[PDB]
Structures are given as C-alpha cells and as structure tokens.
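Raw contents of protein13.cif, mmCIF, C-alpha atoms and all ligand atoms:
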```cif
data_data
loop_
_atom_site.label_atom_id
_atom_site.label_comp_id
_atom_site.auth_asym_id
_atom_site.auth_seq_id
_atom_site.Cartn_x
_atom_site.Cartn_y
_atom_site.Cartn_z
CA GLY H 106 0.00 0.00 0.00
CA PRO H 107 0.88 3.71 -0.25
CA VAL H 108 3.22 5.50 2.20
CA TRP H 109 4.33 9.12 2.71
CA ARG H 110 7.63 9.69 0.89
CA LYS H 111 8.68 12.62 3.05
CA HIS H 112 9.44 13.18 6.72
CA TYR H 113 7.69 16.44 7.46
CA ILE H 114 3.92 15.86 7.49
CA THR H 115 1.32 18.55 8.17
CA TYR H 116 -2.18 18.30 9.61
CA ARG H 117 -5.08 20.69 9.77
CA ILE H 118 -8.17 20.49 11.92
CA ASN H 119 -11.05 21.45 9.61
CA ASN H 120 -13.66 21.93 12.34
CA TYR H 121 -14.19 21.07 15.99
CA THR H 122 -16.68 18.72 17.64
CA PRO H 123 -18.99 20.63 20.05
CA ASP H 124 -18.62 17.60 22.37
CA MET H 125 -15.26 18.81 23.69
CA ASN H 126 -13.33 21.91 24.73
CA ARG H 127 -11.33 23.24 21.76
CA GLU H 128 -7.93 22.94 23.54
CA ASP H 129 -8.78 19.29 24.41
CA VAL H 130 -9.43 18.42 20.74
CA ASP H 131 -6.08 20.02 19.82
CA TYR H 132 -4.22 18.13 22.52
CA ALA H 133 -5.86 14.74 21.81
CA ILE H 134 -4.93 15.03 18.10
CA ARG H 135 -1.38 16.25 18.93
CA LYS H 136 -0.83 13.36 21.38
CA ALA H 137 -2.12 10.87 18.82
CA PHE H 138 0.35 12.09 16.18
CA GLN H 139 3.16 11.85 18.84
CA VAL H 140 2.36 8.13 19.33
CA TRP H 141 3.42 7.53 15.71
CA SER H 142 6.30 9.99 15.47
CA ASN H 143 7.72 8.31 18.62
CA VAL H 144 8.46 5.15 16.59
CA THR H 145 9.11 6.56 13.10
CA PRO H 146 11.21 9.35 11.44
CA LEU H 147 8.01 11.33 10.84
CA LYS H 148 7.51 14.83 12.20
CA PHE H 149 3.98 16.29 12.44
CA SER H 150 2.98 19.98 12.43
CA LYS H 151 -0.45 21.55 12.81
CA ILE H 152 -1.13 24.21 10.20
CA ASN H 153 -4.07 26.59 10.53
CA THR H 154 -4.55 27.41 6.86
CA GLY H 155 -3.97 26.02 3.36
CA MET H 156 -3.66 22.41 2.25
CA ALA H 157 -2.41 19.93 4.86
CA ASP H 158 -1.38 16.38 4.17
CA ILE H 159 -3.86 15.18 6.78
CA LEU H 160 -7.22 16.94 7.15
CA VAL H 161 -9.06 16.13 10.37
CA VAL H 162 -12.85 16.44 9.96
CA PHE H 163 -15.85 15.98 12.19
CA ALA H 164 -19.02 15.14 10.23
CA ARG H 165 -22.22 13.06 10.37
CA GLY H 166 -24.19 10.94 7.87
CA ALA H 167 -23.38 11.60 4.22
CA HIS H 168 -20.42 13.95 4.23
CA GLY H 169 -19.05 13.92 0.71
CA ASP H 170 -17.15 10.69 0.26
CA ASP H 171 -18.21 7.04 -0.07
CA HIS H 172 -18.02 6.37 3.60
CA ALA H 173 -21.32 7.64 4.98
CA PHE H 174 -21.49 7.60 8.76
CA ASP H 175 -24.24 5.63 10.49
CA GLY H 176 -25.47 7.68 13.48
CA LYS H 177 -24.42 6.91 17.05
CA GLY H 178 -22.37 3.71 17.54
CA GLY H 179 -21.09 1.33 14.85
CA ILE H 180 -18.48 3.19 12.72
CA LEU H 181 -16.76 5.81 14.90
CA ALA H 182 -14.36 7.21 12.28
CA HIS H 183 -12.54 6.41 9.04
CA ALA H 184 -9.40 7.60 7.26
CA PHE H 185 -7.73 7.42 3.84
CA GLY H 186 -4.27 5.95 3.19
CA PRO H 187 -1.38 8.19 2.10
CA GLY H 188 -1.91 10.07 -1.15
CA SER H 189 -2.84 13.38 -2.75
CA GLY H 190 -6.12 15.24 -2.14
CA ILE H 191 -8.22 13.28 0.32
CA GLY H 192 -5.42 10.76 0.91
CA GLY H 193 -4.38 10.87 4.56
CA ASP H 194 -7.58 12.55 5.75
CA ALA H 195 -9.23 11.34 8.92
CA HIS H 196 -13.01 11.76 9.50
CA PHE H 197 -14.72 11.41 12.88
CA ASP H 198 -18.44 10.69 13.23
CA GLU H 199 -20.11 13.70 14.94
CA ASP H 200 -22.94 11.34 15.99
CA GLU H 201 -20.51 9.85 18.51
CA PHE H 202 -19.81 11.68 21.77
CA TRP H 203 -16.14 12.60 21.83
CA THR H 204 -14.28 12.86 25.19
CA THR H 205 -10.92 13.16 26.94
CA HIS H 206 -11.76 10.16 29.14
CA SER H 207 -13.55 6.77 29.35
CA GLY H 208 -17.00 8.21 28.74
CA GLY H 209 -18.51 8.26 25.25
CA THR H 210 -15.77 7.58 22.68
CA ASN H 211 -12.22 8.63 23.52
CA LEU H 212 -10.92 10.96 20.79
CA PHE H 213 -7.24 10.33 21.47
CA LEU H 214 -7.54 6.50 21.13
CA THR H 215 -9.65 6.78 18.00
CA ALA H 216 -7.25 9.34 16.54
CA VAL H 217 -4.30 6.99 17.17
CA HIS H 218 -6.17 4.26 15.18
CA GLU H 219 -7.22 6.66 12.38
CA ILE H 220 -3.73 8.20 12.02
CA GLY H 221 -2.40 4.64 11.74
CA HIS H 222 -4.58 4.37 8.63
CA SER H 223 -3.53 7.89 7.44
CA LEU H 224 0.08 6.63 7.48
CA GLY H 225 -0.69 3.40 5.50
CA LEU H 226 -1.50 0.79 8.19
CA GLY H 227 -4.39 -1.68 7.81
CA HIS H 228 -6.17 -3.53 10.59
CA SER H 229 -4.54 -6.02 12.95
CA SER H 230 -6.14 -9.27 14.03
CA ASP H 231 -4.46 -8.87 17.48
CA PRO H 232 -7.05 -7.61 20.03
CA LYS H 233 -4.24 -5.83 21.92
CA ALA H 234 -3.23 -3.72 18.95
CA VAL H 235 -4.56 -0.20 18.51
CA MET H 236 -5.13 -1.13 14.81
CA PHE H 237 -7.48 -3.97 15.85
CA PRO H 238 -10.84 -3.09 14.23
CA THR H 239 -12.87 -2.86 17.51
CA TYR H 240 -12.80 0.22 19.77
CA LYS H 241 -11.99 -0.67 23.37
CA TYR H 242 -11.24 1.96 26.00
CA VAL H 243 -7.87 1.68 27.71
CA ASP H 244 -6.38 4.15 30.18
CA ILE H 245 -5.02 6.91 27.95
CA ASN H 246 -2.55 8.20 30.57
CA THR H 247 -0.57 4.93 30.36
CA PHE H 248 -1.34 4.05 26.76
CA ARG H 249 1.37 2.26 24.80
CA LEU H 250 1.49 0.92 21.25
CA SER H 251 1.37 -2.84 21.08
CA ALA H 252 4.37 -4.69 19.66
CA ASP H 253 2.12 -5.59 16.70
CA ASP H 254 1.48 -1.87 15.98
CA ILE H 255 5.17 -1.12 16.30
CA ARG H 256 6.14 -3.89 13.85
CA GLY H 257 3.42 -2.72 11.43
CA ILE H 258 4.44 0.95 11.31
CA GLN H 259 8.14 0.10 11.26
CA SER H 260 7.52 -2.17 8.26
CA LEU H 261 6.36 0.99 6.42
CA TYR H 262 8.73 3.66 7.84
CA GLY H 263 12.29 3.90 9.07
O1 LIG H 301 -12.01 0.79 11.20
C1 LIG H 301 -12.74 1.77 11.06
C2 LIG H 301 -14.23 1.63 11.07
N1 LIG H 301 -14.68 0.99 12.29
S1 LIG H 301 -14.43 1.42 13.83
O2 LIG H 301 -14.72 2.80 13.55
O3 LIG H 301 -15.55 1.42 14.64
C3 LIG H 301 -12.90 1.88 14.32
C4 LIG H 301 -12.86 2.50 15.72
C5 LIG H 301 -11.61 2.19 16.51
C6 LIG H 301 -11.00 0.94 16.44
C7 LIG H 301 -9.88 0.69 17.22
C8 LIG H 301 -9.36 1.69 18.07
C9 LIG H 301 -9.97 2.94 18.15
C10 LIG H 301 -11.10 3.18 17.38
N2 LIG H 301 -12.30 3.01 10.95
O4 LIG H 301 -10.93 3.23 10.94
CA CA H 302 -21.33 6.05 14.15
CA CA H 303 -5.02 14.90 2.36
CA CA H 304 -20.96 14.56 18.85
ZN ZN H 305 -15.50 10.46 5.42
ZN ZN H 306 -9.83 1.25 11.25
#
```

Translate the structure of the given file into structure tokens.
Amino acid sequence: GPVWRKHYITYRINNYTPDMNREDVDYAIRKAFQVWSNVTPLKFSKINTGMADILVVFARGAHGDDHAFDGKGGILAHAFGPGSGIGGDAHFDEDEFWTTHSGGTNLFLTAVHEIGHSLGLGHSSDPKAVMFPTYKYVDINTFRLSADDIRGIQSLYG
C-alpha cells in the first residue's frame, strides 16, 4: 500500500466537535500524532490554513465521500491511506460523543487508530493492537502501542 515519501507531514483540523473543549481536541490530536512519530522518522505539524497532508474532519451521515457515517455507535471514524487530495484525511463521526476520558468515545484513542490508517496501516487481528478493528477503551494516561502496531508501522517507515 501507499506511504508518505517525506518526513515532514502537516495536519489541519477542519472543524471542531462541540462535544469537547477546543484545547482538548487540539491536545488529543497532537498526542495521537506523537504516538506515531515516537516510533518513526516522521515529524507532524499543525497548520491553521492552506492544504495539509492530513485533514481532520468531524461530520455526520453523508459527508461527501463514499463512507457515509451511520449515526451513534457502529463506525466511529474512518481515514484514507497516504496520497494526494483526500489521501491521509481522517473523519470522525459527529454522531458519537467525543471525550478526553472513558465516557462516550475517547478521541485520542480513536485518533491513534485513524492516524495509523492515514500513514498506511491496515487492521490487525491482534485484540491488543490499537489497529485492531474494535474500539476498546484503555487508560489513555498509560497508553502504549502494542508490539504488533510497532512492527506494522516500522515495516512501512524507518
Ligand atoms: O475501522 C474503522 C471503522 N470501524 S471502527 O470505527 O468502529 C474503528 C474504531 C476504533 C478501532 C480501534 C481503536 C480505536 C477506534 N475506521 O478506521
Ligand atoms: Ca457512528
Ligand atoms: Ca489529504
Ligand atoms: Ca458529537
Ligand atoms: Zn468520510
Ligand atoms: Zn480502522
């Protein structure tokens, strides 16, 4: 599959869920990018204007691609693999309730999974891996990538 062929990667947050404080959205997304840059040569920077490599979008129902969201529950988010235009972009279902904690759906943990996809990773069959297809809350303050996630990303980068 596709990978980014450059080390400096930019992201832009298109719009903000009303479910969270603005600064908490920023920090959750920043922390999620850090998870991946910690184990690759990639460097991530938030830009406030213009075209980013990775556009972060909150939206509900039909929102202009082929991956219509389904209301509360089920699909929480989806992202496109590396590439031009929409490639890399990560979309979060506004019909979920986004949080900093174990309530609703944790934005940080979902963003880690989505960014994995934005970088070229597919799903893992290992239930311990963040790239496993099923959302499961784990304490975010002690979160660590599984060995499976590390081998996956390192197979693509570095
Ligand atoms: O895989 C999907 C679609 N299904 S799921 O949304 O519900 C993925 C949610 C998820 C999975 C694992 C960890 C964190 C969030 N999107 O990337
Ligand atoms: Ca949903
Ligand atoms: Ca893009
Ligand atoms: Ca919401
Ligand atoms: Zn979408
Ligand atoms: Zn996924």

### Task
Throw together the list of residues within 9 Å of ligand LIG 301 (chain H), counting all atoms listed in the file, and drop it here as number ranges by chain.
H: 178-185, 195-198, 210-222, 227-228, 234-242

### Message
Counting only C-alpha atoms and all ligand atoms, what are the residues, protein, DNA or RNA alike, that approach ligand CA 303 (chain H) to within 12 Å? I want them as number ranges by chain.
### Response
H: 109, 114-119, 155-162, 184-196, 220, 223-224

### Message
Just to confirm, what's the straight-line distance from CA of residue 127 in chain H to CA of residue 172 in chain H in Å (one decimal)?
### Response
25.7 Å

### Message
Neighbouring residues of range 164-171 of chain H were defined as those with any atom within 6 Å, considering all atoms listed in the file; residues of the same chain fewer than 2 positions away were excluded. Please report them as a PyMOL selection string.
### Response
chain H and resi 173-175+198-200

### Query
Distance CA of residue 163 in chain H-atom CA of ligand CA 304 (chain H), one decimal place?
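Interatomic distance, CA of residue 163 in chain H to atom CA of ligand CA 304 (chain H): 8.5 Å.
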
### Query
Hey, which of H:141, H:149, H:113, H:202 ends up closest to ligand CA 304 (chain H)? Count only C-alpha atoms and all ligand atoms.
H:202

#### Entry: Between CA of residue 124 in chain H and atom CA of ligand CA 304 (chain H), distance in Å (one decimal)
5.2 Å

#### Entry: Option closest in space to ligand CA 302 (chain H), from H:257, H:132, H:201, H:111 [counting only C-alpha atoms and all ligand atoms]
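That would be H:201, the residue with the smallest distance to ligand CA 302 (chain H).
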
### Query
Using all atoms listed in the file, which of the listed residues (H:139, H:145, H:209, H:248) sits closest to ligand CA 304 (chain H)?
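With all atoms listed in the file as the atom set, the closest residue is H:209.
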
### Task
Tell me which of H:122, H:246, H:205, H:260 sits closest to ligand CA 304 (chain H), counting only C-alpha atoms and all ligand atoms.
H:122

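Of the listed residues H:245, H:208, H:152, H:233, the one whose atoms come nearest to residue 133 in chain H is H:245, with distances taken using all atoms listed in the file.
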
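Counting only C-alpha atoms and comparing H:150, H:259, H:204, H:143, the residue that lies closest to residue 123 in chain H is H:204.
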
List every protein, DNA or RNA residue that has at least one atom no more than 9 Å from (10.0, 10.2, 3.7) in the file's coordinates, counting all atoms listed in the file, and write the result as a tab-separated table (two decimals) with C-alpha atoms, keeping the file's coordinate frame.
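Okay, result.tsv is ready:
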```
chain	number	residue	atom	x	y	z
H	108	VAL	CA	3.22	5.50	2.20
H	109	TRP	CA	4.33	9.12	2.71
H	110	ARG	CA	7.63	9.69	0.89
H	111	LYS	CA	8.68	12.62	3.05
H	112	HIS	CA	9.44	13.18	6.72
H	113	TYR	CA	7.69	16.44	7.46
H	146	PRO	CA	11.21	9.35	11.44
H	147	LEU	CA	8.01	11.33	10.84
H	262	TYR	CA	8.73	3.66	7.84
H	263	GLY	CA	12.29	3.90	9.07
```

Once N, CA, C and O atoms are restored for range 132-148 of chain H, what would the output be as a PDB file, in the frame of the given file?
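Below is the file that was written, out_22.pdb:
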```pdb
ATOM      1  N   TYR H 132      -5.191  18.917  21.773  1.00  0.00           N
ATOM      2  CA  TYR H 132      -4.220  18.130  22.520  1.00  0.00           C
ATOM      3  C   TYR H 132      -4.341  16.650  22.231  1.00  0.00           C
ATOM      4  O   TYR H 132      -3.325  15.993  22.027  1.00  0.00           O
ATOM      5  N   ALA H 133      -5.580  16.142  22.212  1.00  0.00           N
ATOM      6  CA  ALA H 133      -5.860  14.740  21.810  1.00  0.00           C
ATOM      7  C   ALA H 133      -5.281  14.385  20.436  1.00  0.00           C
ATOM      8  O   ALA H 133      -4.642  13.343  20.277  1.00  0.00           O
ATOM      9  N   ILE H 134      -5.495  15.255  19.444  1.00  0.00           N
ATOM     10  CA  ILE H 134      -4.930  15.030  18.100  1.00  0.00           C
ATOM     11  C   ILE H 134      -3.375  15.114  18.098  1.00  0.00           C
ATOM     12  O   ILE H 134      -2.697  14.271  17.510  1.00  0.00           O
ATOM     13  N   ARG H 135      -2.832  16.127  18.768  1.00  0.00           N
ATOM     14  CA  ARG H 135      -1.380  16.250  18.930  1.00  0.00           C
ATOM     15  C   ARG H 135      -0.759  14.999  19.561  1.00  0.00           C
ATOM     16  O   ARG H 135       0.174  14.417  19.002  1.00  0.00           O
ATOM     17  N   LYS H 136      -1.279  14.585  20.713  1.00  0.00           N
ATOM     18  CA  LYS H 136      -0.830  13.360  21.380  1.00  0.00           C
ATOM     19  C   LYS H 136      -0.893  12.113  20.502  1.00  0.00           C
ATOM     20  O   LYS H 136       0.013  11.263  20.530  1.00  0.00           O
ATOM     21  N   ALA H 137      -1.970  11.989  19.742  1.00  0.00           N
ATOM     22  CA  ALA H 137      -2.120  10.870  18.820  1.00  0.00           C
ATOM     23  C   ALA H 137      -1.040  10.844  17.729  1.00  0.00           C
ATOM     24  O   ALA H 137      -0.481   9.785  17.434  1.00  0.00           O
ATOM     25  N   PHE H 138      -0.742  12.006  17.142  1.00  0.00           N
ATOM     26  CA  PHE H 138       0.350  12.090  16.180  1.00  0.00           C
ATOM     27  C   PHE H 138       1.704  11.675  16.824  1.00  0.00           C
ATOM     28  O   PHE H 138       2.449  10.877  16.239  1.00  0.00           O
ATOM     29  N   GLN H 139       1.968  12.177  18.045  1.00  0.00           N
ATOM     30  CA  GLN H 139       3.160  11.850  18.840  1.00  0.00           C
ATOM     31  C   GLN H 139       3.377  10.344  19.038  1.00  0.00           C
ATOM     32  O   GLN H 139       4.512   9.867  18.982  1.00  0.00           O
ATOM     33  N   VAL H 140       2.290   9.597  19.254  1.00  0.00           N
ATOM     34  CA  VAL H 140       2.360   8.130  19.330  1.00  0.00           C
ATOM     35  C   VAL H 140       3.123   7.568  18.124  1.00  0.00           C
ATOM     36  O   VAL H 140       4.011   6.721  18.287  1.00  0.00           O
ATOM     37  N   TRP H 141       2.793   8.048  16.933  1.00  0.00           N
ATOM     38  CA  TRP H 141       3.420   7.530  15.710  1.00  0.00           C
ATOM     39  C   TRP H 141       4.796   8.103  15.407  1.00  0.00           C
ATOM     40  O   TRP H 141       5.682   7.388  14.904  1.00  0.00           O
ATOM     41  N   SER H 142       4.993   9.380  15.704  1.00  0.00           N
ATOM     42  CA  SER H 142       6.300   9.990  15.470  1.00  0.00           C
ATOM     43  C   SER H 142       7.321   9.427  16.449  1.00  0.00           C
ATOM     44  O   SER H 142       8.521   9.423  16.143  1.00  0.00           O
ATOM     45  N   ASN H 143       6.842   8.884  17.583  1.00  0.00           N
ATOM     46  CA  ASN H 143       7.720   8.310  18.620  1.00  0.00           C
ATOM     47  C   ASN H 143       8.470   7.098  18.074  1.00  0.00           C
ATOM     48  O   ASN H 143       9.511   6.743  18.597  1.00  0.00           O
ATOM     49  N   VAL H 144       7.915   6.440  17.059  1.00  0.00           N
ATOM     50  CA  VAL H 144       8.460   5.150  16.590  1.00  0.00           C
ATOM     51  C   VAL H 144       8.750   5.179  15.085  1.00  0.00           C
ATOM     52  O   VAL H 144       8.970   4.135  14.461  1.00  0.00           O
ATOM     53  N   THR H 145       8.729   6.377  14.506  1.00  0.00           N
ATOM     54  CA  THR H 145       9.110   6.560  13.100  1.00  0.00           C
ATOM     55  C   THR H 145       9.995   7.815  12.948  1.00  0.00           C
ATOM     56  O   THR H 145      10.195   8.549  13.909  1.00  0.00           O
ATOM     57  N   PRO H 146      10.513   8.078  11.726  1.00  0.00           N
ATOM     58  CA  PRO H 146      11.210   9.350  11.440  1.00  0.00           C
ATOM     59  C   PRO H 146      10.286  10.539  11.132  1.00  0.00           C
ATOM     60  O   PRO H 146      10.746  11.655  10.853  1.00  0.00           O
ATOM     61  N   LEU H 147       8.980  10.302  11.169  1.00  0.00           N
ATOM     62  CA  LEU H 147       8.010  11.330  10.840  1.00  0.00           C
ATOM     63  C   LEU H 147       7.945  12.446  11.874  1.00  0.00           C
ATOM     64  O   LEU H 147       8.108  12.202  13.080  1.00  0.00           O
ATOM     65  N   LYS H 148       7.712  13.659  11.379  1.00  0.00           N
ATOM     66  CA  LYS H 148       7.510  14.830  12.200  1.00  0.00           C
ATOM     67  C   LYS H 148       6.195  15.449  11.762  1.00  0.00           C
ATOM     68  O   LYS H 148       5.964  15.608  10.562  1.00  0.00           O
TER      69      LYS H 148
END
```
